[PDB]
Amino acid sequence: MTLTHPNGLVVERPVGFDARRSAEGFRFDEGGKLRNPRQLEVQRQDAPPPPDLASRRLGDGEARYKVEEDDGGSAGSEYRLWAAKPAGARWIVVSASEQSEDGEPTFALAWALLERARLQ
């Protein structure tokens, strides 16, 4: 329903994904036997984002985001996302994979998982 790690992090699980928790926090893989499964992942980070990160006004605060691209296969190129937002003294990081044929993916689901994510 509404996952809540012990280390303070409280996120709202995405419909249709396997809720599976990792030491740092949570990890999300898309259910079904899909050709191109999306796969998010949330953690409570301490260290700040590297200097070069771009910015987008996400929600009411700001977000520091990086976007990778690599040669894939016939499902299109690999696209890895990376974005963090101010969470008190630390940050709430979202990590999202995806292949695409039609240029950079919107990441609607990876952003909604950062806009909602708060801390205890």
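Note that residue numbering follows the sequence shown and begins at 1. Think of the rigid core as the biggest set of C-alphas that the two forms share within 1.5 Å after superposition.
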| item | value |
| --- | --- |
| 20-28 against 93-101 - segment lying farther from this form in 5 other deposited structures of this protein (CA RMS, rigid core fit) | 20-28 |
| More variable segment, 48-56 or 78-86 [Cα RMS over structures in 5 other deposited structures of this protein, core-superposed] | 48-56 |
| 93-101 or 17-25, whichever carries the higher mean Cα B-factor | 17-25 |
| Between 103-111 and 6-14 (mean CA B-factor, as deposited), the higher | 6-14 |
| Top Cα B factor in the deposited entry, candidates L40, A75, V67, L58 | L58 |
| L34, C-alpha B-factor rank within chain (lowest, middle or highest third) | lowest |
| Third of the chain's Cα B-factor distribution that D71 belongs to, per the entry | lowest |
